[PDB]
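Visitor: A single structure is presented below for examination.
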Amino acid sequence: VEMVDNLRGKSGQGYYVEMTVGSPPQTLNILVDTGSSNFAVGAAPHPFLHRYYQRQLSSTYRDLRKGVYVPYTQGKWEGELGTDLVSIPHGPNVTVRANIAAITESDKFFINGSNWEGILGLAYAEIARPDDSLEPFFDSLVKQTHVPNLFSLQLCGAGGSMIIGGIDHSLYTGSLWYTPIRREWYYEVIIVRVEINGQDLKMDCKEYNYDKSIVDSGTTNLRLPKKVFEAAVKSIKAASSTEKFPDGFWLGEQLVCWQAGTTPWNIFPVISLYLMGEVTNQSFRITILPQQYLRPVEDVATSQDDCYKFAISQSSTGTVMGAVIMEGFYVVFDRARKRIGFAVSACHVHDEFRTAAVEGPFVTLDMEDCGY
Ligand SMILES: C[C@]1(c2cccc(-c3cccc(Cl)c3)c2)N=C(N)CCO1
């Protein structure tokens, strides 16, 4: 219960947890990222940082005498590797020694008003920078304490919770459905079917996972491979035909606004993502409402209206089930059993007619392997 409501933020700028680094403890807000594997923190002033890790003030810091360079698609950072004592004040009652990439230079990485100063990469060593030998935070936490090798995330639209070492039953209703982790690098999973308002996309299921499908709390949108994205936009446009939006909206570049409280939710269809089950050719579905894929953009200047960004976008690196997808579900990262669990959360998306759901089982006797 002491870990409930330990997250802040929103899908657009990320969800963050309070952590402490060094001795005496230096408090920092850290992005919870299941899509990366480095524990990296601002370690020098920047126009967008409220505070930063001051290594000279930590008597427990150890320099590893090794640099790290991390380029992304839209931004990059450089830093120095070292180790220090780390704790999560509203997490497990433990202090561990962990690798820390002290960010000393960055370009288009830190975000103004995000309220976070670093990233907690929760994925596996395989995708760690500079390489797989840099132990990730969670692996250290498990090795040094008696914490079970599992964490869960309950992301909530409008904070949320990160529960480490167990499953909190008060954070979900109904059944918990498991999908296998296909490979331990990202949290890679397999999507076996996609429907938009009950209509199957009918593609070869390998297309849904071209070149991988991941569960990523560090990506805002639902990101889809080109072929799947184009089919999804066609289907959503067809259901929403009573209203015509610019291509800029569908490209995720421009806002669609309606007078406060009048958003026509009913014109937008539900999206069903069928995930591979734990038994051959059995699956379960997670249903995504427009309250998830239409991301609200808060702005006092536009506040006579409710404005949204289309939170589905094209990817050339496979499917990404981002924060907009995770919101309203209780997501169990069961590393011990190499599986990811989904259940409807206490903060699930619903209106008078429709509700986000986790349903199963579904059977498909006529099925190939959906992995690439
Ligand atoms: C490391 C990062 C990353 C880096 C910097 C910022 C974010 C970020 C920014 C806004 C919202 C969110 Cl959820 C994450 C993510 N994490 C990912 N999972 C994909 C992109 O690369």
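We name chains A, B, ... following the order of the structure tokens; residues begin at 1 in each chain, and ligands are numbered from 1 as shown.
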For ligand 1, list the contacting residues at 8 Å or closer, counting only C-alpha atoms and all ligand atoms, as a count of residues only.
Guide: 27
Visitor: Within 6 Å of segment 19-30 of chain A, counting only C-alpha atoms, which residues qualify if same-chain residues fewer than 5 places away don't, as an NGL selection string?
Guide: :A and (58-60 or 84-88 or 116-119)
Visitor: Just to be explicit: take each residue in the selection above, keep N, CA, C and O atoms, and write the result as an mmCIF file, in the first residue's frame.
Guide:
data_model
loop_
_atom_site.group_PDB
_atom_site.id
_atom_site.type_symbol
_atom_site.label_atom_id
_atom_site.label_comp_id
_atom_site.auth_asym_id
_atom_site.auth_seq_id
_atom_site.Cartn_x
_atom_site.Cartn_y
_atom_site.Cartn_z
ATOM 1 N N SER A 58 28.651 13.467 -3.229
ATOM 2 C CA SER A 58 28.363 12.105 -2.772
ATOM 3 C C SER A 58 29.641 11.404 -2.425
ATOM 4 O O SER A 58 30.458 11.101 -3.312
ATOM 5 N N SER A 59 29.779 11.065 -1.156
ATOM 6 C CA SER A 59 30.990 10.376 -0.697
ATOM 7 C C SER A 59 31.027 8.904 -1.045
ATOM 8 O O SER A 59 32.067 8.265 -0.895
ATOM 9 N N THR A 60 29.904 8.360 -1.553
ATOM 10 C CA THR A 60 29.806 6.936 -1.884
ATOM 11 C C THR A 60 29.934 6.677 -3.386
ATOM 12 O O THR A 60 29.959 5.526 -3.801
ATOM 13 N N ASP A 84 26.879 4.197 -7.507
ATOM 14 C CA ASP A 84 26.554 4.904 -6.264
ATOM 15 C C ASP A 84 25.366 4.218 -5.591
ATOM 16 O O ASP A 84 24.805 3.262 -6.166
ATOM 17 N N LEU A 85 25.011 4.665 -4.364
ATOM 18 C CA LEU A 85 23.867 4.107 -3.637
ATOM 19 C C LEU A 85 22.589 4.728 -4.177
ATOM 20 O O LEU A 85 22.501 5.946 -4.357
ATOM 21 N N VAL A 86 21.587 3.883 -4.427
ATOM 22 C CA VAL A 86 20.308 4.332 -4.972
ATOM 23 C C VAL A 86 19.146 3.784 -4.096
ATOM 24 O O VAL A 86 19.200 2.663 -3.617
ATOM 25 N N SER A 87 18.103 4.585 -3.905
ATOM 26 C CA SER A 87 16.927 4.154 -3.143
ATOM 27 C C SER A 87 15.682 4.736 -3.799
ATOM 28 O O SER A 87 15.780 5.746 -4.506
ATOM 29 N N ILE A 88 14.523 4.085 -3.596
ATOM 30 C CA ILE A 88 13.254 4.570 -4.137
ATOM 31 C C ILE A 88 12.407 4.862 -2.872
ATOM 32 O O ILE A 88 11.916 3.909 -2.245
ATOM 33 N N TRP A 116 11.060 15.716 -14.726
ATOM 34 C CA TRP A 116 11.988 14.599 -14.465
ATOM 35 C C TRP A 116 13.426 14.964 -14.886
ATOM 36 O O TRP A 116 13.620 15.803 -15.773
ATOM 37 N N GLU A 117 14.419 14.374 -14.188
ATOM 38 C CA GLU A 117 15.843 14.670 -14.329
ATOM 39 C C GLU A 117 16.692 13.501 -14.775
ATOM 40 O O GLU A 117 17.913 13.645 -14.903
ATOM 41 N N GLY A 118 16.063 12.346 -14.985
ATOM 42 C CA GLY A 118 16.766 11.162 -15.432
ATOM 43 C C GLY A 118 15.822 10.087 -15.903
ATOM 44 O O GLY A 118 14.598 10.252 -15.846
ATOM 45 N N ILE A 119 16.396 8.965 -16.347
ATOM 46 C CA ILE A 119 15.626 7.826 -16.844
ATOM 47 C C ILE A 119 16.026 6.529 -16.126
ATOM 48 O O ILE A 119 17.219 6.261 -15.944
#
Visitor: Residues within 9 Å of residue 139 of chain A, please, as a PyMOL selection string. Count only C-alpha atoms; anything in the same chain fewer than 6 positions from it doesn't count.
Guide: chain A and resi 122+124-125+149
Visitor: Take the residues from that selection and write them out as a compact mmCIF listing (two decimals), in the first residue's frame, keeping C-alpha atoms.
Guide:
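Output file again_34.txt follows:
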# COMPACT_ATOMS: atom_id res chain seq x y z
CA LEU A 122 13.73 -1.20 -16.76
CA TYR A 124 17.19 -6.02 -20.07
CA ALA A 125 21.01 -5.88 -20.29
CA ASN A 149 12.02 -10.52 -9.85
Visitor: Mind listing the strand (DSSP E) residues of segment 48-269 of chain A, per DSSP on the backbone, as a PyMOL selection string?
Guide: chain A and resi 62-72+75-87+95-107+118-121+151-155+160-164+172-180+188-189+191-196+199-200+213-215+222-225+256-259
Visitor: Per DSSP on the backbone, what are the alpha helix (DSSP H) residues of segment 53-284 of chain A, as a PyMOL selection string?
Guide: chain A and resi 137-144+226-239+247-250
Visitor: Grab the residues selected above and save them as a JSON list (two decimals), in the first residue's frame with N, CA, C and O atoms.
Guide:
[["chain", "number", "residue", "atom", "x", "y", "z"],
["A", 137, "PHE", "N", 19.66, -1.36, -13.47],
["A", 137, "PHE", "CA", 19.20, -1.14, -12.14],
["A", 137, "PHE", "C", 18.42, -2.32, -11.55],
["A", 137, "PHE", "O", 18.70, -2.73, -10.42],
["A", 138, "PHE", "N", 17.39, -2.80, -12.28],
["A", 138, "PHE", "CA", 16.52, -3.84, -11.72],
["A", 138, "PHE", "C", 17.23, -5.14, -11.42],
["A", 138, "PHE", "O", 16.94, -5.79, -10.38],
["A", 139, "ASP", "N", 18.21, -5.50, -12.28],
["A", 139, "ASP", "CA", 19.04, -6.70, -12.08],
["A", 139, "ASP", "C", 19.86, -6.53, -10.78],
["A", 139, "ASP", "O", 19.92, -7.45, -9.98],
["A", 140, "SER", "N", 20.42, -5.32, -10.53],
["A", 140, "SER", "CA", 21.17, -5.05, -9.29],
["A", 140, "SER", "C", 20.27, -5.14, -8.09],
["A", 140, "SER", "O", 20.63, -5.78, -7.10],
["A", 141, "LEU", "N", 19.08, -4.49, -8.16],
["A", 141, "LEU", "CA", 18.10, -4.51, -7.09],
["A", 141, "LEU", "C", 17.77, -5.97, -6.70],
["A", 141, "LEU", "O", 17.84, -6.32, -5.53],
["A", 142, "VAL", "N", 17.48, -6.83, -7.70],
["A", 142, "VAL", "CA", 17.17, -8.24, -7.44],
["A", 142, "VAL", "C", 18.37, -8.97, -6.80],
["A", 142, "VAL", "O", 18.19, -9.65, -5.77],
["A", 143, "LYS", "N", 19.57, -8.81, -7.38],
["A", 143, "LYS", "CA", 20.80, -9.43, -6.86],
["A", 143, "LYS", "C", 21.12, -9.04, -5.41],
["A", 143, "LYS", "O", 21.51, -9.90, -4.63],
["A", 144, "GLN", "N", 20.95, -7.76, -5.04],
["A", 144, "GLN", "CA", 21.35, -7.27, -3.74],
["A", 144, "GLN", "C", 20.32, -7.36, -2.58],
["A", 144, "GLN", "O", 20.66, -7.15, -1.40],
["A", 226, "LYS", "N", 4.34, 0.66, -40.79],
["A", 226, "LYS", "CA", 3.70, 1.33, -41.93],
["A", 226, "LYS", "C", 2.41, 0.69, -42.47],
["A", 226, "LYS", "O", 1.40, 1.37, -42.56],
["A", 227, "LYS", "N", 2.46, -0.60, -42.84],
["A", 227, "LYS", "CA", 1.31, -1.32, -43.41],
["A", 227, "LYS", "C", 0.11, -1.35, -42.46],
["A", 227, "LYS", "O", -1.03, -1.13, -42.88],
["A", 228, "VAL", "N", 0.38, -1.63, -41.18],
["A", 228, "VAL", "CA", -0.65, -1.71, -40.14],
["A", 228, "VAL", "C", -1.21, -0.31, -39.82],
["A", 228, "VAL", "O", -2.43, -0.13, -39.67],
["A", 229, "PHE", "N", -0.31, 0.69, -39.73],
["A", 229, "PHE", "CA", -0.68, 2.08, -39.45],
["A", 229, "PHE", "C", -1.66, 2.58, -40.52],
["A", 229, "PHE", "O", -2.71, 3.13, -40.19],
["A", 230, "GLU", "N", -1.31, 2.38, -41.81],
["A", 230, "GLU", "CA", -2.16, 2.82, -42.90],
["A", 230, "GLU", "C", -3.54, 2.17, -42.84],
["A", 230, "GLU", "O", -4.54, 2.85, -43.01],
["A", 231, "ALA", "N", -3.61, 0.85, -42.51],
["A", 231, "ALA", "CA", -4.89, 0.16, -42.40],
["A", 231, "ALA", "C", -5.71, 0.66, -41.21],
["A", 231, "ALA", "O", -6.94, 0.79, -41.28],
["A", 232, "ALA", "N", -5.03, 0.98, -40.10],
["A", 232, "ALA", "CA", -5.68, 1.48, -38.90],
["A", 232, "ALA", "C", -6.25, 2.87, -39.18],
["A", 232, "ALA", "O", -7.41, 3.13, -38.84],
["A", 233, "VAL", "N", -5.47, 3.75, -39.83],
["A", 233, "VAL", "CA", -5.97, 5.09, -40.16],
["A", 233, "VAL", "C", -7.17, 4.99, -41.10],
["A", 233, "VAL", "O", -8.17, 5.66, -40.84],
["A", 234, "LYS", "N", -7.12, 4.08, -42.13],
["A", 234, "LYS", "CA", -8.25, 3.91, -43.03],
["A", 234, "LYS", "C", -9.53, 3.55, -42.26],
["A", 234, "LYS", "O", -10.58, 4.18, -42.49],
["A", 235, "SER", "N", -9.43, 2.55, -41.35],
["A", 235, "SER", "CA", -10.55, 2.06, -40.54],
["A", 235, "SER", "C", -11.12, 3.14, -39.61],
["A", 235, "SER", "O", -12.33, 3.30, -39.53],
["A", 236, "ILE", "N", -10.23, 3.86, -38.88],
["A", 236, "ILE", "CA", -10.64, 4.92, -37.95],
["A", 236, "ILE", "C", -11.29, 6.09, -38.70],
["A", 236, "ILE", "O", -12.32, 6.59, -38.27],
["A", 237, "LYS", "N", -10.73, 6.48, -39.86],
["A", 237, "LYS", "CA", -11.31, 7.55, -40.68],
["A", 237, "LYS", "C", -12.71, 7.15, -41.11],
["A", 237, "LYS", "O", -13.62, 7.99, -41.02],
["A", 238, "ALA", "N", -12.89, 5.88, -41.57],
["A", 238, "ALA", "CA", -14.17, 5.32, -42.04],
["A", 238, "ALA", "C", -15.23, 5.35, -40.94],
["A", 238, "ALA", "O", -16.38, 5.75, -41.21],
["A", 239, "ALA", "N", -14.86, 5.01, -39.69],
["A", 239, "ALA", "CA", -15.81, 5.04, -38.57],
["A", 239, "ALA", "C", -16.17, 6.47, -38.16],
["A", 239, "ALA", "O", -17.33, 6.75, -37.84],
["A", 247, "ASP", "N", -5.00, 16.14, -42.78],
["A", 247, "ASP", "CA", -4.01, 15.05, -42.74],
["A", 247, "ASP", "C", -3.03, 15.24, -41.58],
["A", 247, "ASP", "O", -2.51, 14.25, -41.06],
["A", 248, "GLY", "N", -2.80, 16.51, -41.19],
["A", 248, "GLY", "CA", -1.93, 16.90, -40.08],
["A", 248, "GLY", "C", -2.34, 16.24, -38.78],
["A", 248, "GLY", "O", -1.49, 15.84, -37.98],
["A", 249, "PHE", "N", -3.67, 16.08, -38.60],
["A", 249, "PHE", "CA", -4.22, 15.45, -37.42],
["A", 249, "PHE", "C", -3.80, 13.96, -37.40],
["A", 249, "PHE", "O", -3.20, 13.52, -36.43],
["A", 250, "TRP", "N", -4.08, 13.23, -38.52],
["A", 250, "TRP", "CA", -3.73, 11.82, -38.69],
["A", 250, "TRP", "C", -2.22, 11.58, -38.63],
["A", 250, "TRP", "O", -1.81, 10.51, -38.21]]
Visitor: Please indicate the distance in Å from atom CA of residue 90 of chain A to atom CA of residue 49 of chain A, rounded to one decimal place.
Guide: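 Answer for the atom CA of residue 90 of chain A to atom CA of residue 49 of chain A separation: 22.2 Å.
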Visitor: Please identify all polymer residues within 8 Å of residue 194 of chain A, counting only C-alpha atoms, omitting same-chain residues fewer than 4 positions from it, and present them as a list in words.
Guide: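 Residues meeting the cut-off are residues 200, 201, 202, 208, 271, 272, 273 and 274 of chain A.
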Visitor: Just write the chosen residues, C-alpha atoms, as a JSON list (two decimals), in the first residue's frame.
Guide:
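Written file, part.json:
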[["chain", "number", "residue", "atom", "x", "y", "z"],
["A", 200, "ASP", "CA", -10.44, -7.81, -38.37],
["A", 201, "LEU", "CA", -7.56, -6.14, -40.28],
["A", 202, "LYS", "CA", -7.11, -9.61, -41.97],
["A", 208, "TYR", "CA", 1.68, -6.76, -36.67],
["A", 271, "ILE", "CA", -9.14, -1.01, -31.17],
["A", 272, "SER", "CA", -8.61, -4.62, -30.09],
["A", 273, "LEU", "CA", -5.07, -5.97, -29.84],
["A", 274, "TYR", "CA", -5.00, -9.78, -29.42]]
Visitor: Can you pull out every residue within 7 Å of segment 286-296 of chain A, counting only C-alpha atoms, but drop anything in the same chain fewer than 2 positions away, and send it as a list in words?
Guide: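 Surrounding residues, per the criterion: residues 265, 268, 269, 270, 271, 272, 273, 274, 284, 298, 307, 308, 309, 310, 311, 312, 324, 325, 349, 356, 357, 358 and 359 of chain A.
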Visitor: Can you write just those residues out, C-alpha atoms, as a PDB file, in the first residue's frame?
Guide:
ATOM      1  CA  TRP A 265     -16.252   9.838 -28.436  1.00  0.00           C
ATOM      2  CA  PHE A 268     -14.303   6.869 -32.906  1.00  0.00           C
ATOM      3  CA  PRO A 269     -13.983   3.065 -32.914  1.00  0.00           C
ATOM      4  CA  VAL A 270     -12.436   0.761 -30.344  1.00  0.00           C
ATOM      5  CA  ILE A 271      -9.137  -1.007 -31.170  1.00  0.00           C
ATOM      6  CA  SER A 272      -8.608  -4.621 -30.092  1.00  0.00           C
ATOM      7  CA  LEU A 273      -5.067  -5.973 -29.842  1.00  0.00           C
ATOM      8  CA  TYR A 274      -4.999  -9.780 -29.424  1.00  0.00           C
ATOM      9  CA  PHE A 284      -6.605 -12.679 -25.139  1.00  0.00           C
ATOM     10  CA  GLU A 298      -3.579  20.665 -21.624  1.00  0.00           C
ATOM     11  CA  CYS A 307      -7.903  19.529 -27.633  1.00  0.00           C
ATOM     12  CA  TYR A 308      -6.213  16.257 -28.555  1.00  0.00           C
ATOM     13  CA  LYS A 309      -3.307  14.798 -30.505  1.00  0.00           C
ATOM     14  CA  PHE A 310      -3.868  11.552 -32.457  1.00  0.00           C
ATOM     15  CA  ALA A 311      -1.672   9.196 -30.347  1.00  0.00           C
ATOM     16  CA  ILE A 312      -1.133   6.490 -33.008  1.00  0.00           C
ATOM     17  CA  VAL A 324      -1.465   5.530 -24.033  1.00  0.00           C
ATOM     18  CA  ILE A 325      -2.049   1.752 -24.380  1.00  0.00           C
ATOM     19  CA  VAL A 349     -11.089   4.302 -19.381  1.00  0.00           C
ATOM     20  CA  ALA A 356     -11.535  -0.695 -21.850  1.00  0.00           C
ATOM     21  CA  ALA A 357     -11.283  -4.501 -21.312  1.00  0.00           C
ATOM     22  CA  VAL A 358      -9.018  -7.564 -21.046  1.00  0.00           C
ATOM     23  CA  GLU A 359     -10.940 -10.579 -22.399  1.00  0.00           C
TER      24      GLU A 359
END
Visitor: Write out as a PyMOL selection string which residues come within 10 Å of segment 188-193 of chain A when counting only C-alpha atoms, dropping same-chain ones fewer than 6 positions away.
Guide: chain A and resi 35+123+179-182+200-209+212-216+272-277+281-285+319-321+339-340+364+367-372
Visitor: What lies within 6 Å of segment 330-334 of chain A using only C-alpha atoms, ignoring chain neighbours under 6 positions off, as a list in words?
Guide: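 So, after excluding close chain neighbours, the residues are residues 150, 151, 152, 153, 154, 340, 341, 342, 343 and 345 of chain A.
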Visitor: Tell me, in Å to one decimal, how far atom CA of residue 37 of chain A is from atom CA of residue 177 of chain A.
Guide: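 Value for the atom CA of residue 37 of chain A-atom CA of residue 177 of chain A distance: 25.2 Å.
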Visitor: Have a look at atom CA of residue 66 of chain A and atom CA of residue 120 of chain A and let me know their distance in Å, one decimal.
Guide: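 Interatomic distance, atom CA of residue 66 of chain A to atom CA of residue 120 of chain A: 19.5 Å.
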Visitor: With distances taken over only C-alpha atoms, which of A:42, A:9, A:264, A:225 is nearest to residue 160 of chain A?
Guide: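 Of A:42, A:9, A:264, A:225, the one nearest residue 160 of chain A is A:9, counting only C-alpha atoms.
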